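What follows is a short report on a single structure.
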Amino acid sequence: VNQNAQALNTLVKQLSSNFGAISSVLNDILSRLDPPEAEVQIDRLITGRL
Amino acid sequence: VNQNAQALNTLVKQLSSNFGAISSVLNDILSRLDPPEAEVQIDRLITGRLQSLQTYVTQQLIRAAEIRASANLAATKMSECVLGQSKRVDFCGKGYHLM
Amino acid sequence: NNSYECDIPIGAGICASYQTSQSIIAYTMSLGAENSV
Amino acid sequence: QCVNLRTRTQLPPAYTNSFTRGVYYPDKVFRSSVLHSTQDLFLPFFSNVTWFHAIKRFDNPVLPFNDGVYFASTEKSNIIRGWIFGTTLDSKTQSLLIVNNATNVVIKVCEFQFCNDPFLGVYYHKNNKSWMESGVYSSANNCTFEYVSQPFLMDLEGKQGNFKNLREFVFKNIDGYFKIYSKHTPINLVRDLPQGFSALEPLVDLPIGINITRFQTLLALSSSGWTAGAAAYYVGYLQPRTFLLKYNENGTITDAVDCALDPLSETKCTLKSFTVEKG
Amino acid sequence: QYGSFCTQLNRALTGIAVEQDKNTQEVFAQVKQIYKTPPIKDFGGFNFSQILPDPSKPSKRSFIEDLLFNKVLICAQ
Amino acid sequence: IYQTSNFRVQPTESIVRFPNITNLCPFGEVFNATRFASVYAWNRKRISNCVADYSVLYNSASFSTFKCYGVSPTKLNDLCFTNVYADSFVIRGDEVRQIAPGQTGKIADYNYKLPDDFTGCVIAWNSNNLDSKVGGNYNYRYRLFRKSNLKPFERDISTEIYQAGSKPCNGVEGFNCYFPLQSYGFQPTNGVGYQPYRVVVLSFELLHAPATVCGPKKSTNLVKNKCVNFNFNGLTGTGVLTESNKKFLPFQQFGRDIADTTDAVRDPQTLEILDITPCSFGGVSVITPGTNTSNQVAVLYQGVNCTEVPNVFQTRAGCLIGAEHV
Ligand SMILES: *[C@@H]1O[C@H](CO)[C@@H](O[C@@H]2O[C@H](CO)[C@@H](O)[C@H](O)[C@H]2NC(C)=O)[C@H](O)[C@H]1NC(C)=O
Ligand SMILES: *[C@@H]1O[C@H](CO)[C@@H](O)[C@H](O)[C@H]1NC(C)=O
Ligand SMILES: *[C@@H]1O[C@H](CO)[C@@H](O)[C@H](O)[C@H]1NC(C)=O
Ligand SMILES: *[C@@H]1O[C@H](CO)[C@@H](O)[C@H](O)[C@H]1NC(C)=O
Ligand SMILES: *[C@@H]1O[C@H](CO)[C@@H](O)[C@H](O)[C@H]1NC(C)=O
Ligand SMILES: *[C@@H]1O[C@H](CO)[C@@H](O)[C@H](O)[C@H]1NC(C)=O
Ligand SMILES: *[C@@H]1O[C@H](CO)[C@@H](O)[C@H](O)[C@H]1NC(C)=O
Ligand SMILES: *[C@@H]1O[C@H](CO)[C@@H](O)[C@H](O)[C@H]1NC(C)=O
Ligand SMILES: *[C@@H]1O[C@H](CO)[C@@H](O)[C@H](O)[C@H]1NC(C)=O
Ligand SMILES: *[C@@H]1O[C@H](CO)[C@@H](O)[C@H](O)[C@H]1NC(C)=O
Ligand SMILES: *[C@@H]1O[C@H](CO)[C@@H](O)[C@H](O)[C@H]1NC(C)=O
């Protein structure tokens, strides 16, 4: 059990890393920058989470 | 033993590839470019080395999980052939087992 | 046309070896010896 | 300022198998007791060569230049004394002139005016052990680079039974640079190209950056009438290929193996080993 | 900036090492204590002077064990 | 037992040994040249066997535009160069943005190109005061047309008449034929961008040969058996320098010798085959009983002699401190 419980936590914290981007919230970056220079930031988060 | 040596040798040969960067030495690129645009080159090396290290770890995981089965089989054979006589055909030798 | 135990497997039941001058010869595999009961 | 020569032994070119010649150190860096595979310009194993003689028999043709050249020369008293490199050889393009002067090798980068049959004129019509050389060269108005070499001296006379003089030079003109690699070693065989393996240490590199597509050799040469011993030289053409070199613990190239010659060589290049198990 | 990967890698490698140690411990240590053969051996005419331990050795290996050990950079990595 | 906070030994001092200084590189006469030739007849110069200080040039405001691509100019004085390739010419200002590699243009493709991996630095400076002619500096010519765009760093000087069609060109001028050269219009009345501009470019290679062009050296000594920072000829590293029995040829430097690392290497100013060895490192571990029971712990240094680290008992796996052997 514990070992399995050691995995999920290490996944959830991954949702709080810059991954080379400027932030860690999709809503914030979406509402702080226009799209055409926002795909170039969202792609890094997509790659890291994949 | 040969497989274990080959894995490490292939892992260590990876430290001499451009990976799309302009060189293969961190000290050289650090001492040849200003830090405003050094990350744009260092990140490629970081990504490549992460990929290689993850592949090596996965291979080691699979091979160790395989060898666990051989360890268990050896344990069973030692507990059956040695400390007694086993009637399973073609387990403890080819024929009629004695000891 | 003969039959021998396989040394270097090629595939589809055909495999080769080195034998007598000396050359590499390929042939159909032999399923061991044969006998009746 | 020259006299044309046509007293030559007109024969079709001869051919010989270049067994294991044309391997040299690739880079300036040093390794030891390792195996290294690299691709570059080299002379493939078991290849034909162009054979010329020198004694009547004064073989002085003009050969095309491309992708560098490999020059081998067996002789006594080193009758060959110079090389000329260029494109048009008419004082219309930069030309390279190498002469092993009695002191050292002299290098001349000049838009020099060659004649039809230029040679290193030696006034040795009468055999009186007189090597007086008052020979003169043509116009050399346009010059760019000049170099003087180390004064290395080699034997200029002798009639030894076994051909003690044997030179192997490799000339590579790439990326605006001219690399000359040299080796000399005695041989006790009379005519056959030596069987075995020999390394090739680099000699010199010159940044020149000119265009050359043709060359000719020069030797100690009245125009008609000479008395010199037998000598032979072979010319070979290079080719871009890939070699696997086996270094040693002492830093010397022990052996080399091709990666495109034969299937067994291909397997050796794949496995990075000198021995292959059955399979 | 990449977060927590090396914790995962080190945990995996440590788990592998501990598993190997456990395997080696489990395969061999099947007996609670240690026995010893008597100095005088009369096994009904049988001969065992090739697999039993030989005292005349820096280690406690046997003849066949030594033969097996014979049949099978270091610091650059 | 727990494995945390891997241990390593920090360096102490630095050695900046460099070969002997020779003289000052005469780049000033290039930068203060009397006359500059045409674009197709660019001034090509090789600078070697001297010592150059580019800090003065960088701090000098005499130039106008200055783009370094392969290297950051600020630390330009901390790198040794094998050779210096200086190419100089004069171009129209409006076309100056053809200097960079990967650009598209007339001079940028027909008669002057740069390699993709170019590492040199480009300087462009207006010289309308002295290069412009009141009657027009028409001495500068260029190739308006070229049959095939030339590879980077090759000179085309042919005077062939243009051949824009399959029909043959007869005489001095034929069908679809034009003069190979066209003069540049440079006058004092020319506006901004039409004025002449002196453009120079510097190229160099890295580590392929023992370099000869450097800057300040401050060579100190050759101390041994110390974790020091070596910067002999550009390669910056940390480790200890010892004496090795390894043999070099009279022209061998920078031995790799295993996979990719700079092994035993010679030194400048002398001829000794020194050897480089990395500093000691290891993974420390902590062994503790139940923290509910007590609080004393013990520390194990793995696979490293602890005759130096800042009731010890050195073992095979390493050495253990905080506990006593029984
Ligand atoms: C088991 O067999 C071995 C092999 O013959 C015996 O060892 C020999 O013993 C004799 C008499 O002591 C010696 O002369 C030989 O030199 C021994 N052979 C070797 C290879 O050392 C051994 O004694 C036998 N075990 C018994 C009889 O208990
Ligand atoms: C035996 O071998 C020969 C040689 O190829 C072949 O021609 C012949 O057909 C073979 N015979 C049989 C029965 O396979
Ligand atoms: C060398 O030349 C001869 C005749 O010119 C020819 O017969 C021979 O095949 C050539 N060698 C090779 C390897 O082709
Ligand atoms: C060339 O050799 C001659 C003959 O030994 C010698 O006098 C002369 O100094 C050498 N060098 C030059 C440049 O002529
Ligand atoms: C070199 O000269 C030859 C003959 O003149 C010519 O065909 C070739 O294009 C030239 N190459 C270069 C790079 O100048
Ligand atoms: C390497 O060189 C040393 C000294 O020149 C010599 O003693 C040794 O024999 C050489 N190694 C081999 C394998 O010949
Ligand atoms: C070269 O010119 C610059 C400015 O154009 C000047 O500062 C410098 O003193 C000049 N040097 C020489 C040697 O004329
Ligand atoms: C370097 O210069 C010093 C003193 O100026 C001298 O002692 C030494 O021999 C020189 N070494 C070289 C290689 O020039
Ligand atoms: C610590 O150990 C003592 C000894 O049995 C026990 O009484 C106590 O409950 C333990 N405390 C904890 C927090 O485990
Ligand atoms: C390391 O420790 C061992 C055992 O005390 C000793 O033999 C050896 O000389 C030591 N080496 C160093 C470099 O301290
Ligand atoms: C353990 O035994 C050895 C051998 O006599 C002795 O030297 C050592 O002092 C002993 N250790 C202790 C803690 O008494």
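Numbering of chain C is taken from Swiss-Prot, so the residues present carry the numbers 657-676, 689-705, in order.
This entry, so its header tells us, was determined using electron microscopy, 3.9 Å.
Each residue, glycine too, has its Cβ placed from N, Cα and C.
Here's what Swiss-Prot has on this protein:
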| type | residues | note |
| --- | --- | --- |
| DISULFID | C:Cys662-C:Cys671 | disulfide bond |
| CARBOHYD | C:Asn657 | N-linked glycosylation site |
| CARBOHYD | C:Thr676 | O-linked glycosylation site |
Three-state secondary structure, which DSSP defines for C:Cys671 (disulfide bond): strand
Packing count at the residue listed as 'N-linked glycosylation site' (other Cβ atoms within 10 Å of its Cβ): 4
C:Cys671 (disulfide bond) and the residue listed as 'N-linked glycosylation site', Cα-Cα, nearest whole angstrom: 13
Integer Cα-Cα distance in angstrom, C:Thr676 (O-linked glycosylation site) to C:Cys662 (disulfide bond): 16
Secondary-structure category, per DSSP, in which the residue listed as 'N-linked glycosylation site' falls: coil
Cβ neighbour count within 10 Å of C:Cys662 (disulfide bond): 16
Three-state secondary structure, which DSSP defines for C:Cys662 (disulfide bond): coil
Number of other Cβ atoms within 10 Å of the Cβ of C:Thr676 (O-linked glycosylation site) across all protein chains: 6
CB within-chain contacts under 8 A for C:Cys671 (disulfide bond), separation at least 6: C:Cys662, C:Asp663, C:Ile664, C:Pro665, C:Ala694, C:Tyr695, C:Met697
Close-lying recorded positions around ligand 2 among C:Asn657, C:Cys662, C:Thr676, where CB distance stays under 6 Å: C:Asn657
